[PDB]
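Structure data follow from run.cif (mmCIF, C-alpha atoms and all ligand atoms):
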```
data_data
loop_
_atom_site.label_atom_id
_atom_site.label_comp_id
_atom_site.auth_asym_id
_atom_site.auth_seq_id
_atom_site.Cartn_x
_atom_site.Cartn_y
_atom_site.Cartn_z
CA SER I 2 -10.94 -63.54 69.75
CA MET I 3 -12.33 -66.83 68.37
CA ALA I 4 -9.57 -69.16 67.24
CA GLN I 5 -11.71 -70.74 64.46
CA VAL I 6 -10.26 -70.59 60.93
CA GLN I 7 -12.22 -71.56 57.82
CA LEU I 8 -10.54 -72.85 54.64
CA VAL I 9 -12.08 -72.95 51.15
CA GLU I 10 -10.22 -74.77 48.37
CA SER I 11 -10.87 -74.02 44.71
CA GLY I 12 -9.52 -74.85 41.26
CA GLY I 13 -9.71 -78.64 41.02
CA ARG I 14 -10.51 -79.83 37.51
CA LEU I 15 -10.39 -82.77 35.20
CA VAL I 16 -7.24 -82.33 33.13
CA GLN I 17 -4.99 -84.17 30.68
CA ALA I 18 -1.69 -85.71 31.75
CA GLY I 19 1.24 -83.36 31.26
CA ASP I 20 -0.98 -80.32 31.78
CA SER I 21 -0.69 -78.00 34.75
CA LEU I 22 -3.27 -76.71 37.23
CA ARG I 23 -3.24 -74.15 40.06
CA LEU I 24 -5.20 -74.76 43.25
CA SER I 25 -5.96 -72.08 45.79
CA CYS I 26 -7.10 -71.96 49.39
CA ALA I 27 -8.76 -69.02 51.17
CA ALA I 28 -8.41 -68.69 54.95
CA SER I 29 -10.68 -66.51 57.09
CA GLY I 30 -11.34 -66.25 60.81
CA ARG I 31 -8.40 -65.67 63.15
CA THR I 32 -5.84 -65.58 60.38
CA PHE I 33 -3.62 -63.43 62.61
CA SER I 34 -2.49 -66.62 64.39
CA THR I 35 -1.56 -68.64 61.27
CA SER I 36 1.94 -70.19 61.41
CA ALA I 37 1.87 -72.78 58.60
CA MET I 38 -0.43 -73.92 55.81
CA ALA I 39 -0.34 -77.09 53.76
CA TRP I 40 -1.89 -79.23 51.02
CA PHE I 41 -2.61 -82.95 51.47
CA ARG I 42 -4.29 -85.28 49.01
CA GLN I 43 -6.37 -88.40 49.39
CA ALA I 44 -7.25 -91.09 46.90
CA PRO I 45 -9.86 -93.82 47.62
CA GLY I 46 -8.50 -96.78 49.59
CA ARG I 47 -5.33 -94.84 50.46
CA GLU I 48 -4.10 -92.93 53.48
CA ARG I 49 -4.08 -89.16 53.21
CA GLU I 50 -0.70 -88.13 51.82
CA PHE I 51 1.41 -85.00 52.47
CA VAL I 52 1.90 -82.84 49.37
CA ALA I 53 3.41 -79.48 50.41
CA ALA I 54 3.68 -77.08 53.35
CA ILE I 55 4.72 -73.43 53.76
CA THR I 56 5.78 -71.51 56.89
CA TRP I 57 3.63 -68.46 57.19
CA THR I 58 5.97 -65.63 58.17
CA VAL I 59 9.02 -66.42 56.07
CA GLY I 60 7.52 -68.55 53.28
CA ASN I 61 9.82 -71.57 53.66
CA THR I 62 8.43 -74.50 51.66
CA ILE I 63 8.47 -78.30 52.05
CA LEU I 64 7.46 -80.70 49.26
CA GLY I 65 6.44 -84.33 49.44
CA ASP I 66 8.78 -86.72 47.70
CA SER I 67 6.44 -87.66 44.86
CA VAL I 68 5.75 -84.07 43.69
CA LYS I 69 9.27 -82.62 44.12
CA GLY I 70 10.24 -80.67 41.03
CA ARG I 71 6.62 -80.56 39.79
CA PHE I 72 4.53 -78.83 42.47
CA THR I 73 5.08 -75.38 43.92
CA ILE I 74 3.45 -73.98 47.05
CA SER I 75 3.17 -70.24 47.69
CA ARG I 76 1.17 -68.04 50.04
CA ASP I 77 -0.07 -64.44 50.13
CA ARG I 78 -0.41 -62.97 53.62
CA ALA I 79 -2.37 -59.90 52.50
CA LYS I 80 -5.10 -62.15 51.04
CA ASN I 81 -4.62 -65.11 53.41
CA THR I 82 -4.36 -67.57 50.53
CA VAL I 83 -2.04 -70.45 49.80
CA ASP I 84 -1.77 -71.74 46.24
CA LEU I 85 -0.51 -75.08 44.85
CA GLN I 86 0.94 -74.87 41.34
CA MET I 87 0.92 -78.34 39.79
CA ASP I 88 2.91 -78.75 36.59
CA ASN I 89 3.32 -81.91 34.52
CA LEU I 90 0.34 -83.67 36.07
CA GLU I 91 0.17 -87.47 35.98
CA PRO I 92 -2.81 -89.83 36.43
CA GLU I 93 -1.38 -90.73 39.88
CA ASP I 94 -1.90 -87.13 41.05
CA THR I 95 -5.63 -87.90 40.88
CA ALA I 96 -7.09 -87.37 44.35
CA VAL I 97 -9.06 -84.90 46.44
CA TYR I 98 -6.75 -82.07 47.51
CA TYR I 99 -7.21 -80.69 51.01
CA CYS I 100 -5.97 -77.42 52.42
CA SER I 101 -4.95 -77.20 56.07
CA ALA I 102 -3.64 -74.69 58.56
CA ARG I 103 -1.80 -74.58 61.87
CA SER I 104 -1.66 -71.86 64.50
CA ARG I 105 0.58 -73.44 67.12
CA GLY I 106 4.26 -72.88 66.46
CA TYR I 107 6.32 -75.92 65.54
CA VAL I 108 9.64 -77.41 64.66
CA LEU I 109 9.87 -78.05 60.95
CA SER I 110 9.73 -81.86 60.92
CA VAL I 111 6.14 -82.09 62.24
CA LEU I 112 4.71 -80.27 59.20
CA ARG I 113 4.53 -83.36 56.97
CA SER I 114 2.08 -85.04 59.31
CA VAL I 115 -1.70 -84.89 58.94
CA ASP I 116 -2.02 -84.59 62.74
CA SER I 117 -0.06 -81.32 62.87
CA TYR I 118 -2.86 -79.04 61.61
CA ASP I 119 -5.71 -77.44 63.53
CA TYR I 120 -7.99 -76.58 60.58
CA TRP I 121 -8.98 -78.36 57.37
CA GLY I 122 -10.91 -77.46 54.27
CA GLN I 123 -13.38 -79.77 52.59
CA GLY I 124 -11.30 -80.56 49.54
CA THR I 125 -11.27 -79.95 45.81
CA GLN I 126 -11.20 -82.74 43.23
CA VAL I 127 -8.32 -83.17 40.78
CA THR I 128 -8.61 -85.83 38.07
CA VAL I 129 -5.75 -86.40 35.61
CA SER I 130 -6.42 -88.55 32.55
CA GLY I 131 -3.87 -90.06 30.17
CA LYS F 3 10.64 -79.80 77.25
CA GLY F 4 10.86 -76.52 75.38
CA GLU F 5 13.99 -75.48 77.32
CA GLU F 6 15.73 -77.68 74.78
CA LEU F 7 15.01 -75.27 71.91
CA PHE F 8 16.95 -72.46 73.67
CA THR F 9 20.36 -73.99 74.46
CA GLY F 10 22.04 -72.28 71.49
CA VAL F 11 21.62 -69.01 69.55
CA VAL F 12 18.10 -68.66 68.12
CA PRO F 13 17.23 -66.28 65.26
CA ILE F 14 14.28 -63.94 65.79
CA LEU F 15 11.76 -62.16 63.60
CA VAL F 16 9.48 -59.38 64.92
CA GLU F 17 6.47 -57.77 63.22
CA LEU F 18 4.27 -55.05 64.68
CA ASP F 19 1.20 -53.31 63.29
CA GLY F 20 0.28 -50.21 65.26
CA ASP F 21 -2.19 -47.35 65.46
CA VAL F 22 -1.79 -44.55 68.04
CA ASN F 23 -4.31 -41.69 67.97
CA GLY F 24 -5.12 -42.70 64.40
CA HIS F 25 -1.49 -42.74 63.22
CA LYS F 26 -0.83 -46.11 61.59
CA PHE F 27 2.64 -47.62 61.23
CA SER F 28 4.36 -50.97 60.84
CA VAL F 29 7.71 -52.18 62.14
CA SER F 30 9.79 -55.21 61.27
CA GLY F 31 12.74 -56.54 63.22
CA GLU F 32 15.33 -59.24 63.24
CA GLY F 33 18.16 -60.43 65.36
CA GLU F 34 18.79 -63.28 67.72
CA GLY F 35 18.54 -64.34 71.33
CA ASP F 36 20.75 -66.52 73.52
CA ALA F 37 19.01 -67.74 76.66
CA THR F 38 22.16 -69.27 78.08
CA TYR F 39 23.52 -65.71 78.50
CA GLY F 40 20.12 -64.03 78.87
CA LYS F 41 21.01 -61.96 75.83
CA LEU F 42 18.84 -60.54 73.07
CA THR F 43 19.94 -58.35 70.11
CA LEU F 44 17.39 -56.90 67.72
CA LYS F 45 17.25 -54.26 65.00
CA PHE F 46 13.95 -52.60 64.03
CA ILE F 47 12.90 -50.63 60.94
CA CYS F 48 9.76 -48.52 60.63
CA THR F 49 8.65 -49.72 57.20
CA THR F 50 5.94 -47.02 56.78
CA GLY F 51 8.21 -43.98 57.18
CA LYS F 52 8.58 -42.14 60.49
CA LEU F 53 7.55 -43.76 63.74
CA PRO F 54 4.73 -41.58 65.20
CA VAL F 55 5.76 -42.44 68.78
CA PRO F 56 9.17 -42.54 70.50
CA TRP F 57 11.14 -45.73 69.94
CA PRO F 58 11.70 -46.34 73.69
CA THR F 59 7.94 -46.57 74.29
CA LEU F 60 7.86 -49.71 72.09
CA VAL F 61 10.85 -51.50 73.68
CA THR F 62 8.86 -53.78 75.98
CA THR F 63 6.42 -54.65 73.16
CA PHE F 64 9.27 -55.63 70.80
CA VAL F 68 10.40 -62.28 73.90
CA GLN F 69 10.96 -63.15 77.52
CA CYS F 70 11.66 -66.78 76.65
CA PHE F 71 15.22 -65.48 76.19
CA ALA F 72 15.65 -64.80 79.88
CA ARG F 73 18.36 -66.77 81.62
CA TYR F 74 16.70 -68.92 84.27
CA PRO F 75 19.29 -70.01 86.85
CA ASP F 76 19.34 -73.78 87.20
CA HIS F 77 17.60 -73.78 90.58
CA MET F 78 14.66 -71.90 88.95
CA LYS F 79 14.16 -73.97 85.81
CA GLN F 80 10.88 -75.17 87.39
CA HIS F 81 9.46 -71.67 86.88
CA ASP F 82 10.35 -70.78 83.25
CA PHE F 83 6.87 -70.72 81.81
CA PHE F 84 7.99 -68.93 78.64
CA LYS F 85 10.31 -71.70 77.49
CA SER F 86 7.92 -74.42 78.58
CA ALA F 87 5.28 -73.17 76.14
CA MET F 88 7.45 -73.54 73.01
CA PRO F 89 7.53 -74.57 70.28
CA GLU F 90 3.73 -74.17 70.20
CA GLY F 91 4.22 -70.69 71.73
CA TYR F 92 2.21 -68.29 73.84
CA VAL F 93 -0.07 -65.21 73.67
CA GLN F 94 1.23 -62.01 75.30
CA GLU F 95 -1.23 -59.23 76.10
CA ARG F 96 -0.45 -55.98 77.86
CA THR F 97 -2.11 -52.69 78.67
CA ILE F 98 0.45 -49.94 79.24
CA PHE F 99 -0.74 -46.82 81.11
CA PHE F 100 1.46 -43.79 80.50
CA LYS F 101 1.27 -41.50 83.54
CA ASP F 102 -0.85 -38.43 82.72
CA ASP F 103 -1.26 -39.61 79.12
CA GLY F 104 -2.84 -42.37 77.03
CA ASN F 105 -2.42 -46.11 76.91
CA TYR F 106 -1.17 -48.82 74.61
CA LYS F 107 -3.10 -52.06 74.34
CA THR F 108 -1.15 -54.89 72.70
CA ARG F 109 -1.79 -58.42 71.45
CA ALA F 110 1.14 -60.68 70.55
CA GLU F 111 1.88 -64.32 69.74
CA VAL F 112 5.39 -65.66 70.34
CA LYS F 113 6.15 -69.01 68.72
CA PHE F 114 8.63 -70.99 66.65
CA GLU F 115 8.27 -71.42 62.92
CA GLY F 116 11.01 -74.00 62.47
CA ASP F 117 14.28 -72.60 63.79
CA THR F 118 13.10 -68.94 64.06
CA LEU F 119 11.38 -67.47 67.11
CA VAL F 120 8.60 -65.17 65.77
CA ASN F 121 6.89 -62.33 67.70
CA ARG F 122 3.82 -60.88 65.90
CA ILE F 123 2.19 -57.86 67.57
CA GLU F 124 -0.86 -55.66 67.16
CA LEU F 125 -0.76 -52.37 69.06
CA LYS F 126 -3.50 -49.78 69.67
CA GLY F 127 -2.96 -46.50 71.51
CA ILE F 128 -5.57 -43.88 72.35
CA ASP F 129 -6.16 -40.68 74.33
CA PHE F 130 -2.61 -39.34 74.06
CA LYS F 131 -2.09 -35.60 74.39
CA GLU F 132 -0.71 -34.00 71.23
CA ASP F 133 1.54 -31.94 73.56
CA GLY F 134 2.58 -34.86 75.77
CA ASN F 135 5.84 -36.69 76.21
CA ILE F 136 4.87 -39.38 73.71
CA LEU F 137 3.29 -37.64 70.73
CA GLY F 138 5.55 -34.62 71.23
CA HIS F 139 8.69 -36.86 71.19
CA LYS F 140 10.19 -35.70 74.51
CA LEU F 141 11.60 -39.07 75.62
CA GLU F 142 15.35 -39.52 75.74
CA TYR F 143 16.68 -42.28 73.46
CA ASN F 144 17.81 -44.60 76.24
CA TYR F 145 16.54 -47.17 78.72
CA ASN F 146 16.88 -48.13 82.37
CA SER F 147 16.80 -51.32 84.48
CA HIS F 148 13.56 -52.70 85.87
CA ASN F 149 12.32 -55.80 87.67
CA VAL F 150 9.54 -57.72 85.91
CA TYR F 151 7.28 -59.40 88.47
CA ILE F 152 5.78 -62.76 87.44
CA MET F 153 3.09 -64.78 89.24
CA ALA F 154 1.03 -67.75 88.17
CA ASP F 155 -2.59 -67.50 87.01
CA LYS F 156 -3.79 -71.08 87.57
CA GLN F 157 -7.33 -70.39 86.30
CA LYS F 158 -6.06 -69.19 82.87
CA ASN F 159 -3.25 -71.81 82.81
CA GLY F 160 -0.84 -68.89 82.38
CA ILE F 161 0.98 -66.09 84.20
CA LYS F 162 0.23 -62.52 85.28
CA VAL F 163 3.03 -59.96 85.03
CA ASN F 164 3.51 -56.34 86.01
CA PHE F 165 6.19 -53.67 86.20
CA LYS F 166 6.75 -49.90 85.94
CA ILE F 167 9.05 -48.66 83.18
CA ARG F 168 10.77 -45.33 83.87
CA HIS F 169 11.16 -43.26 80.67
CA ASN F 170 13.68 -40.45 81.11
CA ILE F 171 12.33 -37.19 79.68
CA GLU F 172 14.63 -34.75 77.92
CA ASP F 173 14.06 -32.08 80.63
CA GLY F 174 15.17 -34.37 83.47
CA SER F 175 11.74 -35.56 84.58
CA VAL F 176 10.68 -39.21 84.40
CA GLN F 177 7.58 -40.51 82.62
CA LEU F 178 6.27 -43.77 84.15
CA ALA F 179 4.61 -46.42 81.99
CA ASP F 180 2.61 -48.90 84.08
CA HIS F 181 2.55 -52.39 82.51
CA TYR F 182 -0.13 -55.04 83.08
CA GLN F 183 0.54 -58.29 81.30
CA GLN F 184 -0.76 -61.82 80.89
CA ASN F 185 0.54 -64.83 79.00
CA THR F 186 -1.32 -67.98 78.12
CA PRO F 187 -0.10 -70.99 76.10
CA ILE F 188 -1.19 -71.55 72.53
CA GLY F 189 -1.02 -75.33 72.69
CA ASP F 190 -2.78 -77.64 75.10
CA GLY F 191 0.48 -79.21 76.23
CA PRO F 192 1.26 -78.76 79.90
CA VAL F 193 3.21 -75.69 81.00
CA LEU F 194 5.21 -74.71 84.07
CA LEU F 195 3.17 -72.48 86.37
CA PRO F 196 5.81 -70.65 88.42
CA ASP F 197 6.16 -69.54 91.98
CA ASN F 198 6.39 -65.78 92.37
CA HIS F 199 9.69 -64.44 91.02
CA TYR F 200 10.94 -61.69 88.72
CA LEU F 201 13.16 -60.99 85.74
CA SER F 202 15.95 -58.47 86.22
CA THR F 203 15.91 -56.61 82.90
CA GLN F 204 18.51 -54.25 81.44
CA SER F 205 18.40 -52.72 77.99
CA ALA F 206 20.48 -50.38 75.83
CA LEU F 207 19.34 -48.53 72.69
CA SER F 208 21.58 -47.36 69.85
CA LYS F 209 21.76 -46.65 66.12
CA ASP F 210 23.24 -48.11 62.97
CA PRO F 211 24.97 -45.14 61.28
CA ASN F 212 24.80 -47.01 57.95
CA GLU F 213 20.99 -47.07 58.27
CA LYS F 214 19.02 -44.34 56.53
CA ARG F 215 15.55 -45.41 57.68
CA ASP F 216 14.02 -44.65 61.06
CA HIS F 217 15.19 -47.56 63.18
CA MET F 218 16.30 -48.85 66.57
CA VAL F 219 19.07 -51.19 67.70
CA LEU F 220 18.05 -52.89 70.94
CA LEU F 221 20.10 -54.87 73.40
CA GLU F 222 18.55 -56.70 76.32
CA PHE F 223 20.03 -58.66 79.21
CA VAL F 224 17.56 -60.66 81.29
CA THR F 225 18.12 -62.99 84.26
CA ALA F 226 15.51 -64.54 86.54
CA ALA F 227 15.77 -64.14 90.31
CA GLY F 228 13.80 -64.35 93.54
CA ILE F 229 14.17 -67.99 94.66
CL CL R 1 -4.55 -32.67 73.86
N LIG R 2 -11.45 -64.48 65.65
N LIG R 3 12.82 -42.01 69.33
N LIG R 4 6.37 -51.21 74.67
N LIG R 5 12.50 -67.68 79.68
N LIG R 6 11.22 -52.65 91.85
N LIG R 7 17.45 -54.93 86.51
#
```
Here is the file; what I need is its structure written in the form of structure tokens.
Ligand SMILES: [Cl-]
Ligand SMILES: [N+]
Ligand SMILES: [N+]
Ligand SMILES: [N+]
Ligand SMILES: [N+]
Ligand SMILES: [N+]
Ligand SMILES: [N+]
Amino acid sequence: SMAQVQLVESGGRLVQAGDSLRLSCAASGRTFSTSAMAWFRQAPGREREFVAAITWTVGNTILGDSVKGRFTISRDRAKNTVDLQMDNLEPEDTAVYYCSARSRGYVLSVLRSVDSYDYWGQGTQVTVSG
Amino acid sequence: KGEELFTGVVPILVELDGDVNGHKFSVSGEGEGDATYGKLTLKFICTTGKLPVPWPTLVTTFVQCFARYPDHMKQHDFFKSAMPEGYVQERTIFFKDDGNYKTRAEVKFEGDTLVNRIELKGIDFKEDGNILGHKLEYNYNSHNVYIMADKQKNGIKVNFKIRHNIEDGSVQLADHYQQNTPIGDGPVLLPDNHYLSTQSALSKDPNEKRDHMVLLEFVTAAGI
């Protein structure tokens, strides 16, 4: 009956360029209302940048231009997780990765925008060295 | 204005998790609605086996944003005005001389699909009664759905009486109490008192082996 959702990211590591890494986010609280989840990333001195989003019921996915063909988002409704599979990592992927969630319904185009989510995790650090 | 999302044919997904007198079951559904005609077509599958209750008792639980609001009433279509963000639908359904369903649903867009996710809980049904003893005819009648604003909850209050025809010629009433509140904080149309004239028809897919229901609904607003 509370709307509050809590998000816990895990999996960020220091890793070599060209390696892969899988990140994961755990939602709890009123997960019944979830309609989309997403991953954003922020590097120092830079605006927070859209990475990937997934519609909750059907699993439709949206990728940000600079990770297309490298990153894969997927979600598990039984466990209320959303994972980010990052292959072929580059130094420029270095950032803190944030997990987010929305409960309001939406048209698809608003999902790339930081302002479209109602809940945010506290981030997990990914560092890629070449 | 959310009316805009409904000018064409809109695909629909439905998901229900239920528990009646301890019997758990899940249902999934798909189809489409066309608010310009007031038309809704949906097919449901019981994904857990046999449905422990009669399919007609779940009809009203299984998207009134697909009503046709005549142009002079567009000021009173709260359902459309709440999308895409969507709205919560809660009912308690009192079956005369039997138990009750309590339901919790969220109706909202996920992109181009209207989604209706439901939890249902039923208790205190007689094992001999019309519901658990499967004595309802597989059919449906016309009813008027009475809508009034609930300014304090920023939503609407709704009520009606469904008549379920029983296989021995009696009629089993199911008294519906209903409220709807927006999910977003955007402003919504709070309507004057009015009602939805609702007709429905149930049938079967003969190429469908699983326990299932084909549902057709025609809904037009009225009373202004
Ligand atoms: Cl009994
Ligand atoms: N909650
Ligand atoms: N049935
Ligand atoms: N129902
Ligand atoms: N509607
Ligand atoms: N009536
Ligand atoms: N009707």
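Proximal residues of ligand LIG 2 (chain R) are residues 2, 3, 4, 5, 30 and 31 of chain I, by a cut-off of 7 Å on all atoms listed in the file.
Using only C-alpha atoms and all ligand atoms for every distance, the candidate list F:63, F:184, F:80, F:204 yields F:80 as the residue closest to ligand LIG 5 (chain R).
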If we count all atoms listed in the file and set the cut-off at 10 Å, which residues sit around residue 59 of chain I, ignoring sequence neighbours fewer than 4 positions away in its own chain? Please answer as number ranges by chain. I: 36-37, 55; F: 15, 115, 118, 120
Each residue of chain I lying at most 9 Å from chain F should get a row with its shortest atom-to-atom pair and the distance in Å to one decimal, counting all atoms listed in the file; could you produce that, ordered by chain and increasing number, as JSON lines?
```
{"residue": "I:33", "atom": "CA", "partner": "F:122", "partner_atom": "CA", "distance": 8.5}
{"residue": "I:34", "atom": "CA", "partner": "F:111", "partner_atom": "CA", "distance": 7.3}
{"residue": "I:36", "atom": "CA", "partner": "F:115", "partner_atom": "CA", "distance": 6.6}
{"residue": "I:37", "atom": "CA", "partner": "F:115", "partner_atom": "CA", "distance": 7.8}
{"residue": "I:56", "atom": "CA", "partner": "F:115", "partner_atom": "CA", "distance": 6.5}
{"residue": "I:57", "atom": "CA", "partner": "F:115", "partner_atom": "CA", "distance": 7.9}
{"residue": "I:58", "atom": "CA", "partner": "F:115", "partner_atom": "CA", "distance": 7.8}
{"residue": "I:59", "atom": "CA", "partner": "F:115", "partner_atom": "CA", "distance": 8.5}
{"residue": "I:104", "atom": "CA", "partner": "F:188", "partner_atom": "CA", "distance": 8.0}
{"residue": "I:105", "atom": "CA", "partner": "F:90", "partner_atom": "CA", "distance": 4.5}
{"residue": "I:106", "atom": "CA", "partner": "F:90", "partner_atom": "CA", "distance": 4.0}
{"residue": "I:107", "atom": "CA", "partner": "F:89", "partner_atom": "CA", "distance": 5.1}
{"residue": "I:108", "atom": "CA", "partner": "F:116", "partner_atom": "CA", "distance": 4.3}
{"residue": "I:109", "atom": "CA", "partner": "F:116", "partner_atom": "CA", "distance": 4.5}
{"residue": "I:110", "atom": "CA", "partner": "F:116", "partner_atom": "CA", "distance": 8.1}
```
Using only C-alpha atoms and a cutoff of 6 Å, can you tell me which residues are near (11.5, -54.9, 64.3) in the file's coordinates, and write them out as JSON, numbers by chain? {"F": [16, 17, 29, 30, 31, 32, 45, 46, 47]}
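Atom pair atom CA of residue 49 of chain I / atom CA of residue 79 of chain I: separated by 29.3 Å.
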For ligand LIG 4 (chain R), collect every residue having any atom at a distance of at most 7 Å from a ligand atom (counting all atoms listed in the file); output as a PyMOL selection string. chain F and resi 59-64
Pull the closest atom pair for each residue of chain F that gets at most 10 Å from ligand CL 1 (chain R), along with the distance in Å to one decimal, counting all atoms listed in the file, ordering rows by chain and then ascending residue number, as CSV.
```
residue,atom,partner,partner_atom,distance
F:103,CA,R:CL1,CL,9.3
F:129,CA,R:CL1,CL,8.2
F:130,CA,R:CL1,CL,6.9
F:131,CA,R:CL1,CL,3.9
F:132,CA,R:CL1,CL,4.8
F:133,CA,R:CL1,CL,6.1
F:134,CA,R:CL1,CL,7.7
F:137,CA,R:CL1,CL,9.8
```
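Using only C-alpha atoms and all ligand atoms, residues with at least one atom at most 9 Å away from any atom of ligand LIG 7 (chain R) are residues 146, 147, 148, 149, 150, 201, 202, 203, 204, 205, 223, 224 and 225 of chain F.
Counting only C-alpha atoms, the residue from F:193, F:222, F:24, F:217 that sits nearest to residue 40 of chain F is F:222.
Going from atom CA of residue 85 of chain F to atom CA of residue 161 of chain F covers 12.8 Å.
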Using only C-alpha atoms, which protein or nucleic acid residues come within 9 Å of residue 197 of chain F? Drop anything in the same chain fewer than 3 positions from it, and give the result as a ChimeraX atom specification. /F:80-81,152-154,229
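Counting from atom CA of residue 18 of chain I, the distance to atom CA of residue 114 of chain I is 27.8 Å.
Comparing the minimum interatomic distances between ligand LIG 3 (chain R) and each of F:211, F:138, F:196, F:75, counting only C-alpha atoms and all ligand atoms, we find that F:138 sits nearest.
Shortest atom-to-atom contact with ligand LIG 5 (chain R) among F:49, F:177, F:144, F:38: F:38, counting only C-alpha atoms and all ligand atoms.
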